[PDB]
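Take the sequence shown: its letters are residues 620 to 773, 808 to 896, 911 to 1026, numbered as in the authors' numbering.
Backbone N, C-alpha and C define an ideal beta-carbon position, used for all residues, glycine too.
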Amino acid sequence: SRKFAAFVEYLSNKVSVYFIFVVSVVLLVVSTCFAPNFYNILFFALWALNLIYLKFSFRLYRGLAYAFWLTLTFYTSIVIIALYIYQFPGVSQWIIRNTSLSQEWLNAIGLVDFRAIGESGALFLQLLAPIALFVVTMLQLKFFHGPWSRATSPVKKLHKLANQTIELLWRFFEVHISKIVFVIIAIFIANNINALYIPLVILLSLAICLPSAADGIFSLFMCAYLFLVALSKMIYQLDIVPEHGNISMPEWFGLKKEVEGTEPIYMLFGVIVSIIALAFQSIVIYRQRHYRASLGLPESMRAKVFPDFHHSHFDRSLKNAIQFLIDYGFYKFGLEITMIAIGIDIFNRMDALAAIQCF
């Protein structure tokens, strides 16, 4: 009884504070897993813009969250009405008679009559998912937008160990999430050696060359470029666009026309994964700053992973040795580890760049 009330309250608060991730992921699903339609493109663009604005400053994102949610729900309602009223024989005939909009443009923008196509399940998704986003938004508004704003305004042994593990994991994240996001972005962009991401390699190299310092502005520009490249791929997959002999312009430039019917998420999976990784990096930064401010911990504590443990106390037990590793192992053996990286790279290359790296 009392425990049931405890779970009710705790999970209600947790849902109210975590439902932003749920709405973001469901909007990503409805804006990447259906089709390259112009309203879908603007859904995805608004989602990426929201994530970028969050990455800019949590203060501004929190201040403008309410207006963003109203704009999102209003526009998704409007597009739902437009799509529903278009899905008709008579009304579509009236639209093609008066609006004088060509069939290919009218399909590319998104308003295409599936009754002529006959694919009913696609229409069921085309309705459910947008009104799914609508009900999710209205369930965010007037329900948790208050409690979430209040939260962001500034088995007992099992519970204690759970809290400790969460704290240590989030410290590990606040210290190595930049490395993790750089790793995933570079793995993707190595899987795609096209010409369209050359600014992204240049800007990622600039970010890694001088990270931490000068805030995370370079992360902002690279997230913006990821949004721009994903938008460009969306436009190219959309039908309005018109278009040494082994490779042609688009596939060398990476902005190629995929097979029709393929889901846009498939050939932009890595792009959205990198976007989510950048957002996760930003929210880790913001939440760790919030927790350290609530506990009165300055930015100096962010350098260490185990602040209560000093590297001179590693020899008392093996757990202290593991903590010393995780904390300052690189700080002590950076030269050795970087020569390890040099050797592995040379073993992976055997070439002229390997020769200069060998020098």
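Status (buried if at least 16 other CB within 10 Å, exposed otherwise) for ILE700
exposed
Could you name the residues of the same chain whose beta carbon sits closer than 7 Å to that of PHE826, not counting the 5 residues immediately before and after it, in chain order?
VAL951
Leaving out five residues before and five after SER865 in sequence, what residues of the same chain have Cβ atoms less than 8 Å from its Cβ?
These residues qualify, in order along the chain: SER831.
Straight-line Cα distance separating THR1005 from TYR998
12 Å
If you compare alpha carbons, which of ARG956, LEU752, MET934 and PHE733 is closest to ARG824?
Distances from the alpha-carbon of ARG824 to those of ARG956, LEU752, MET934 and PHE733 put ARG956 closest.
Which residues in the same chain as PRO655 place their Cβ atom closer than 7 Å to its Cβ, once the five residues preceding and following it in sequence are excluded?
Hits under 7 Å: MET887, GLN890, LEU891 and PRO931.
If we call anything under 8 Å between Cβ atoms a contact, is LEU857 one with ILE838?
yes
My understanding is that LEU683 touches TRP666, with C-beta atoms under 8 Å, so please give their C-beta distance in whole angstroms.
A Cβ-Cβ separation of about 15 Å leaves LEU683 out of contact with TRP666 under the 8 Å criterion.
Quick one: what's got a C-beta closer than 8 Å to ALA770's C-beta in the same chain, skipping five residues either side?
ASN632, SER635 and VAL636
Excluding the five sequence neighbours on either side, which residues of its own chain have a C-beta within less than 7 Å of the C-beta of residue 902, listed in chain order?
There are no atomic positions for residue 902 here, as the chain continues from 896 directly to 911.
Please classify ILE846 as buried or exposed, where buried requires at least 16 neighbouring CB atoms within 10 angstroms.
exposed
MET887 - DSSP class collapsed to helix/strand/coil
helix
In chain order, which alpha helix (DSSP H) runs of at least 4 residues are fully inside the stretch 691-732?
List check, alpha helix (DSSP H) in window: 708-717 and 722-728.
At the level of alpha carbons, what is the spacing between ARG959 and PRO965?
7 Å
Residues near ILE1013 by beta carbon distance below 8 Å, same chain, minus five either side
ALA1021, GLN1024 and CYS1025
Helix or strand or just coil, what does DSSP make of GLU738?
coil
Could you tell me the distance, in whole angstroms, from the CA atom of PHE677 to the CA atom of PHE753?
Looking at the two C-alpha atoms, the distance is approximately 24 Å.
Taking just the CA atoms, how far does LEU863 sit from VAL710?
58 Å
Start and end of the alpha helix (DSSP H) containing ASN669?
For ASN669, the enclosing alpha helix (DSSP H) starts and ends at 657-675.
Coarse secondary structure for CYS652, derived from DSSP in three states
coil
Spatial distance of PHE871 from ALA860 (CA atoms)
5 Å
Count Cβ pairs between the stretch 740-748 and the stretch 685-697 that sit closer than 8 Å; are there 3 or more?
no
Alpha carbon to alpha carbon, how far is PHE707 from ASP868?
53 Å
What residues in its chain sit with their C-beta under 8 Å from that of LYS924, if we drop five residues either side in the sequence?
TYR889, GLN890, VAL894, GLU896 and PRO917
Count the other CB atoms within 10 Å of the CB of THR818; is the residue buried (16 or more) or exposed (fewer)?
exposed
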